[PDB]
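Written below as structure tokens is the structure these notes are about.
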Amino acid sequence: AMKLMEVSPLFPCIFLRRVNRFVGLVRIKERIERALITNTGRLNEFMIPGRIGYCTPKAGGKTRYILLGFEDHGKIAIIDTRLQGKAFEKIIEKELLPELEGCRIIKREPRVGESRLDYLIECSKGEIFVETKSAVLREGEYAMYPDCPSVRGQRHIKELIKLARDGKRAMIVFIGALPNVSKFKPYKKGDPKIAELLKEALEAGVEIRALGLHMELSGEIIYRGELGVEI
DNA sequence: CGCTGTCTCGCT
DNA sequence: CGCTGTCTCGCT
DNA sequence: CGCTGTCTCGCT
């Protein structure tokens, strides 16, 4: 339980509906407002008229707010994948992760094959390719991925398979940005092949980790440690 | 994802 | 498709 | 470098 960073200001909202995959309508202080959604997943378990969400204002654009997360067991599940990215950057920088206790980000969205992976990190040892994925689909004590078929996600895992096999370091970090979870596993029904490809990748030396994060009402983003991975 | 309009399922 | 926001191109 | 205008990218 380390404090990673704070989101300010942070406002409770009532979720009304999605206008489209990038925009939700929320009610804040009697007013109806448009909120950016940065998470391509379905989030059907979260995106239900009436549930309490949490937003933060921004300047400009076609939306005045960013929908960051939802009430979940008294705290906050973080659905915003840019915020998840920042919390992961902070983890690296502060060296709170055992696998990377002295490393730095040298490139973001570095090109591999005909795709782009998330990070190129530099260890004391050598070069490492880290891809992150949002795991906010719950089953009991498990945070899971995905909640729908991701053809983009298949090909990304393949690049990690094609890199590892061919003598390169390749990692995948599932961000379990839910409170009250201690394990990760893939949701087979969400995508049949990503389950398969995860074992295939796990066999080819591709490191697979999963982290536990939540947000408090204060806006405080908390890292809870690694989740037990069960690929 | 939600977008239109229409057409499809088993179990109660 | 258009939907957000921010990113990337060559040639002039 | 910034200069015009237009046309190009993946990921969210």
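Throughout, a chain's letter reflects where its sequence line sits, starting with A, and its residues are numbered from 1. What's counted below: heavy atoms across the whole structure, side chains too, no hydrogens, waters or symmetry copies.
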Any side-chain heavy atom of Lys94(A) sitting closer than 4.5 Å to one from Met2(A)?
no
Would a 4.5 Å heavy-atom cut-off, applied to side chains only, mark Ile106(A) and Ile121(A) as touching?
no
Between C1' of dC3(B) and CZ of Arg21(A), the distance in whole Å:
12 Å
Contact residues, residues 49-63 of chain A to DNA chain D [heavy atom, < 4.0 Å]
none
Please work out whether the ring planes of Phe46(A) and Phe70(A) are parallel, tilted or perpendicular, with thresholds of 30° and 60°.
parallel
Ignoring hydrogens and geometry beyond distance, is a side-chain donor-acceptor pair present between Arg82(A) and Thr38(A) at under 3.5 Å?
no
Distance test, side-chain N/O of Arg34(A) to OP1/OP2 of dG5(C), below 4.0 Å
no
If you sort sugars by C1'-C2'-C3'-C4', with positive as north and negative as south, where does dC7(B) go?
south
May I ask you to check whether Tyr119(A) and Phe88(A) place their ring centers less than 6.0 Å from one another?
yes
Between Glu159(A) and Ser115(A), do the side chains contain an N or O donor and an N or O acceptor separated by less than 3.5 Å?
no
Once you round it to whole Å, what is the distance between P of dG5(C) and OH of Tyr65(A)?
14 Å
Shortest non-hydrogen separation from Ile37(A) to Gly24(A) and the atoms involved
CD1-N, 3.5 Å
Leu25(A) CG to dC1(B) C1', straight-line distance once rounded to whole Å
13 Å
Using atom P in both nucleotides, what's the gap between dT6(D) and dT8(C) to the nearest angstrom?
23 Å
Dot-bracket pairing map - DNA chain B, Watson-Crick plus G-U, both contacts under 3.5 Å, | cross-strand
||..........
Hey, does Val173(A) have a side-chain heavy atom less than 4.5 Å from the side chain of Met171(A)?
yes
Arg42(A) has an atom CZ; how far is it from atom P of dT12(D), in whole Å?
17 Å
Nearest to the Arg18(A) side chain among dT12(D), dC1(B), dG5(C), which nucleotide is it?
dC1(B)
Separation of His156(A) atom NE2 from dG10(D) atom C1', in whole Å?
8 Å
For a quick test of reading the model: is some side-chain N or O of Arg152(A) closer than 4.0 Å to OP1 or OP2 of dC11(D)?
yes
Say we look at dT12(D) and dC1(B): how far apart would their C1' atoms be, to the nearest angstrom?
13 Å
Note: contacts of residues 103-121 of chain A with DNA chain C (heavy atom, under 4.0 Å) are none
Hey, is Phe22(A) stacking on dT4(C)? Ring centres under 5.5 Å, planes under 30°.
yes
Kindly indicate whether a cation-pi arrangement holds for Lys29(A) with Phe11(A), taking the cut-offs as under 6.0 Å to the six-membered ring centre and within 45° of the axis.
yes
Quick one: does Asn39(A)'s side chain have a donor or acceptor within less than 3.5 Å of a partner on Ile79(A)'s backbone?
yes
Round to the nearest Å and state the distance from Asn20(A) atom CG to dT12(D) atom P.
17 Å
Which listed nucleotide (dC11(D), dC3(C), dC3(B)) is nearest to the side chain of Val23(A)?
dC3(C)
Rounded off to whole Å, could you give me the CD1-to-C1' distance for the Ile79(A) and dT12(D) pair?
12 Å
Pick north or south for the sugar of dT8(D); the rule is positive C1'-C2'-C3'-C4' for north, negative for south.
north
Could you walk me through whether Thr132(A) and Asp118(A) pass the side-chain hydrogen bond (donor to acceptor under 3.5 Å, both in side chains) check?
CA-CA 7 Å; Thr132(A) 59; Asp118(A) 295 320; 3.0 Å; yes
Tell me the interatomic distance from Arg17(A), atom CZ, to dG2(B), atom P, rounded to whole angstroms.
10 Å
Below 4.5 Å, heavy atoms only, C-beta onward: do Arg224(A) and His214(A) meet side chain to side chain?
yes
